[PDB]
Amino acid sequence: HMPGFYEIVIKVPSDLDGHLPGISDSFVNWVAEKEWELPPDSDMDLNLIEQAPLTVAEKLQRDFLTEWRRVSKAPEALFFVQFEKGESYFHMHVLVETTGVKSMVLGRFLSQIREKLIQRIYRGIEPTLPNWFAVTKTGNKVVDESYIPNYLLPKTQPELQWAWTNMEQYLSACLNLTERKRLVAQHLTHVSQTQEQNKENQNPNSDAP
Ligand SMILES: [Mg+2]
């Protein structure tokens, strides 16, 4: 059966001097000059995708999942990562399956992952961003797969910037708005029909938990 996911919201630096003051020139070159292009199957508008924060965001997600895999001992663990342009900050919603990391040790593991990112990406610089590495709480919150079509998939540009997944049902949806639209409607249709079945059900122990 499909597992539960932890959510880690990571704020992404989108302004060099204000968020990463004194960061090395090689970081500066990397972020300033790296080009992005949408895949052939994408229907998104590249003109709305901020590439420099995207460049950092890609490495953050990349390095997080590497460290998550090590720490969880789950090499092909399921994830859905979505890069957003929020009201105040660019941020990533990192959904990763709970497998291998019991809730009790999640926080300690995340701190280990947090220091790795600081060391590997920001060269020791603590980024000047408020609460930039936070796990969603209620204790540690566990969402099921439904969080993706409910809250992440319906996002459009420019709020939606980019997305990564190893989850096979969301591959084409990552950078295709039409596919996202289809999956949201499909999920909501299933939810609606599930609601209807509940009302119409005449079987014993129909006691709402
Ligand atoms: Mg958001």
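Residues numbered from 1 in each chain as written, not as in the entry; some residues may be left out. Heavy atoms only, no water. Residues with missing side-chain atoms left out of burial classes, pairs and counts.

Structure determination for this PDB entry is given in the record as X-ray crystallography, at a resolution of 2.6000 Å.

## So, the overall build of the protein chain
For the protein chain, the count of helices and strands is 6 helices and 5 strands. In sequence order, the secondary structure elements of the protein chain are arranged as β-α-α-α-β-β-α-β-α-β-α. Taken along its principal axes, the extent of the C-alpha atoms in the protein chain is 70 × 40 × 30 Å. (Helix = DSSP H or I, 4+ residues; strand = E, 2+ residues; numbered from the N terminus.)

## Topic: the side chain of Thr165
Residue position: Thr165 is located in strand 5 (residues 160-165). For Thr165, the side chain forms a polar contact with the main-chain oxygen of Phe79, separated by 2.6 Å. At 3.0 Å, the side chain of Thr165 forms a polar contact with the backbone nitrogen of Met167. In this structure, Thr165 is in contact with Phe79, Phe80, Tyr170, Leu171 and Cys174, ignoring residues within four places of it in sequence. (Polar contact = N/O pair within 3.5 Å; in protein donor to acceptor, adjacent residues only side chain to side chain. Contact = heavy atoms within 4.5 Å.)

## Re the nonpolar core
Counting residues in each nonpolar core, the largest one holds 60 residues, and the members touching the most others are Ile8, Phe64, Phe80 and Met92. Counting residues per element, this core draws most heavily on helix 3 (residues 51-72), which supplies 8 residues. (Core = buried A, V, L, I, M, F, W, Y, C linked by side-chain atoms within 4.5 Å. Buried < 20%, exposed > 50% of the residue type's maximum accessible area, 1.4 Å probe, protein only.)

## Things to note about the sheet that holds strand 5
Spatially, the 5 strands line up as an open sheet ordered 4-1-3-2-5, and their pairing is antiparallel. Every other strand in the sheet has two partners, leaving strand 4 (133-135) and strand 5 as the edge strands with one partner each. Pairs of neighbouring strands in the sheet enclose a mean axial angle of 15 degrees, with direction left out of account. As paired elements, strand 2 (residues 79-85) and strand 5 share 5 bridges and run antiparallel to each other. Looking at strand 5, one finds that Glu84 is bridged to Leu160. (Pairing = 2+ DSSP bridges. Axes fitted to C-alpha atoms, helices over the stretch in contact; angles between N-to-C directions.)

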